[PDB]
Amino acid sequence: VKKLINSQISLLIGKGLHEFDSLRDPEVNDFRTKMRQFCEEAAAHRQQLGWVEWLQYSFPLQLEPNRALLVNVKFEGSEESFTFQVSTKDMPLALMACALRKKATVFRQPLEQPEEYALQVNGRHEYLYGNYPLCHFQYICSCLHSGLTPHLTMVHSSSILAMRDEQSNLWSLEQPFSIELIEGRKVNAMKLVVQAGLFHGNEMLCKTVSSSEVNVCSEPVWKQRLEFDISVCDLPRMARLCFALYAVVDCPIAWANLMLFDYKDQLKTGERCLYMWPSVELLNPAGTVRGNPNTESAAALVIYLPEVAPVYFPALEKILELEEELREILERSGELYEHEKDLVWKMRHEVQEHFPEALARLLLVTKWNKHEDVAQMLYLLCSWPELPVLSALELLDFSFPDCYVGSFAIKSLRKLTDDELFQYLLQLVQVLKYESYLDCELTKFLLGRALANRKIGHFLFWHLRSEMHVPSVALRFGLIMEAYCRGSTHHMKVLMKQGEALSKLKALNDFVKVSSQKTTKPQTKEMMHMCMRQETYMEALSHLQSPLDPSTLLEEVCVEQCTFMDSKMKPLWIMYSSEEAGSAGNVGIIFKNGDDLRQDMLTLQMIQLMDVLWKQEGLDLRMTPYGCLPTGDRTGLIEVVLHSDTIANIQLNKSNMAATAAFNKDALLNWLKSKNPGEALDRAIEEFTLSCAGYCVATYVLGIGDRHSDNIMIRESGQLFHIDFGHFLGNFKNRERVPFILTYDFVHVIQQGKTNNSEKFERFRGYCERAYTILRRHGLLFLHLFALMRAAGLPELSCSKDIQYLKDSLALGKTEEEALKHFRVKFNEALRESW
């Protein structure tokens, strides 16, 4: 069985486990056994969970960030159902009580405590339970706003337990730090030079030192000493030595980093061969500290670390052993002059005692190239009060490379709710890329959270799996996924089923791409359907959890409704239906291969976050933050928003249609009227107005560009939403400041088809202003999350200029009054542009 599980982990993660063995690497070996133990202990805990706790693990609640309500309720093993009038303020227990009383009357009564049950949403992996009014559950809210009757199933605790059960598994060294540069074996045109620097995060620990110049041969020889302007004793624990090999008459060729201490805190010595990474400001301190795995091809640098005595970084116990104030004035950009730094440092105890949230500022002023100073910082850090989540998120930035700081940040982040963790998971995964060692507090934190919440576990898996084609992270991410699989054998098989479906979709899309070059769309479509109706495809593509949202069940693939877009990357449109789910089982996924989906997903997650922040302040802008999930090399899934069309399509203004128009400016309003006749129209126009305000503000703040009428859609409900986000932060395809945008046809709908309607139009302006002012108040959250996202290496999120864009859009250097005046100037400028 162990062999079997080993082969399925290998297949699931995209890497053979024998490849870990072949490295014969103690660090890999230690990571694997330790994390295996950790994860297996998590599994043992899970299998003995109480039944309600099991539900919290496998089906965590979906909550929103008096009134009449009809609900249909049936019991697990029956077609017989009951429709009940309850209240939106009623709790699940009261509803379950009604169900059990009816069951007792219809089926003659003994009878049975509602406390023995939970309510499943029919045909979904989603459950309603807990002391929450029905209107606090997203599902109930969904139905209320869309009009539908909630359909729920009474599921007994013994049924839940069966699910659980079926799913079981030294200061002494004063001399200058020096190295010997020996030789290389590379390819260029000039002479060669090696630049080397010592870094602690972004900060240089002393000036960089450079090689002598040597002719551009294939196997250069230097045999030279590089001495650095720092004492061996002052090397901080997380010191990085960074190399750049380049040609000079400058032509960059390669780079390589390593830690000066190994994973066991031993100071490194003596000889190393550094397999370099090809060069895409020469030195790359944020780059990985592990060598390039393509040793057959990679340029290589051979160096010598001198045996300076075995020496280890001192233990914490040893480390610990070792007037009326402008303080407050400067202490709220955050960049300071040298004298200001001295004051903060001098006043470090006062920072700790009275301004614990200014830790980052203090950290940025400590001299990391002086061991006494670091000791003095660590001493205060070991007694530092826990910080808020927001503050901890900042402390994960590559600017804070020290391991004790890293560990402090994680400690402060443990109070993250699962909902918050889910909101920030993308960024936390990216931060793994900054880690210096395999076994680290971030990795253990994420694994523990993932093992305790199957939804976290699902998205953690896919975030790691989607990057296995990236050599720099393949090893780390492969190891994390293996350990995770050790912690849930059952979830591994659920994930394999998703991977099988994705393998078939890739093969299907490759066929579609070939066929559509040779024949008409109707013909390729019929060929697609014949391919899908093969038993191997019908089986692989049916009965899985959606990778986009594991609570959505993709049951029967609906072949006749599947198609493809006959342009660009030819993405597939795949429809599903589910008898048990009814209408809500009719769902679609888009499979696209050829584009990197990371930027689309990041934009959508930021829009989701805006929607949550707005809703927390009682503002619902009726947004459509649909799912988007990278799954592989320029491959992933996008959630289909049904009953929606593009503005472009509507504006075609085809004849013989319900929307056909005397003036093109009436096409959209006509379309809305056709979908929302009579009294329904007023609601739809309001839905349009709200969502238009949300998207106007979202795209302005994020600097979203390349917006045509084919990348804005509208739902039949009236909700406008943007799709397919290729460009943001003013980087348009170079760097411009994107203005606020008001489109005339949209203003026309908001004004209910009237030329002048200041009453409706100024309401819309008020929504935009409210939305903008709310985001400003959380400005730091967006700044911190985008800073962490720099780890992803998106070309439109690369540097400080990109993050400056958000500082300017949110006008965070301004007062709230000043920011609004400025926003109004932009809104007004945007208004006159409107024809």
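We call the rigid core the largest set of C-alpha positions that still match within 1.5 Å between the two forms. When you see a residue number, it is the position in the sequence shown, counting from 1.
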Aligning on the core, I want to see which stretch wanders more in 9 other deposited structures of this protein. Is it 563 to 571 or 740 to 748 by C-alpha RMS?
563 to 571
With the rigid core held as the alignment frame, decide whether 706 to 714 or 525 to 533 lies farther from the shown form in 9 other deposited structures of this protein, in terms of RMS C-alpha distance.
706 to 714
Taking the other compared PDB entries with both flanking residues modelled, is residue 661 unmodelled in at least a third?
no
Does the comparison with other entries of this protein show residue 236 left unmodelled in at least a third of them?
no
Residue 170 preceded by how many uncoordinated deposited residues after residue 169:
10 or more
Counting only residues that lack coordinates, how big is the gap in the deposited sequence between residue 658 and residue 659? Pick none, 1 to 3, 4 to 9 or 10 or more.
none
Stretch with the higher entry mean CA B-factor, where the candidates are 261 to 269 and 479 to 487:
261 to 269
Averaging CA B factors per stretch from the PDB record, which one is higher: 712 to 720 or 362 to 370?
362 to 370
Could you check 756, 88, 443, 586 and tell me which one carries the biggest Cα B-factor in the deposited entry?
88
Listed options 634, 207, 683, 348: highest C-alpha B factor recorded at 348
Which third of the chain holds residue 799 when residues are ordered by C-alpha B factor: lowest, middle or highest?
highest
Third of the chain, ranked by Cα B-factor, where residue 695 sits
lowest
Using only modelled residues of the chain, where does the Cα B factor of residue 811 rank: lowest third, middle third or highest third?
highest
Divide the modelled residues of the chain into thirds by Cα B-factor and specify which third, lowest, middle or highest, holds residue 31.
lowest
By the record's CA B-factor, is residue 788 among the lowest, middle or highest third of residues in the chain?
lowest
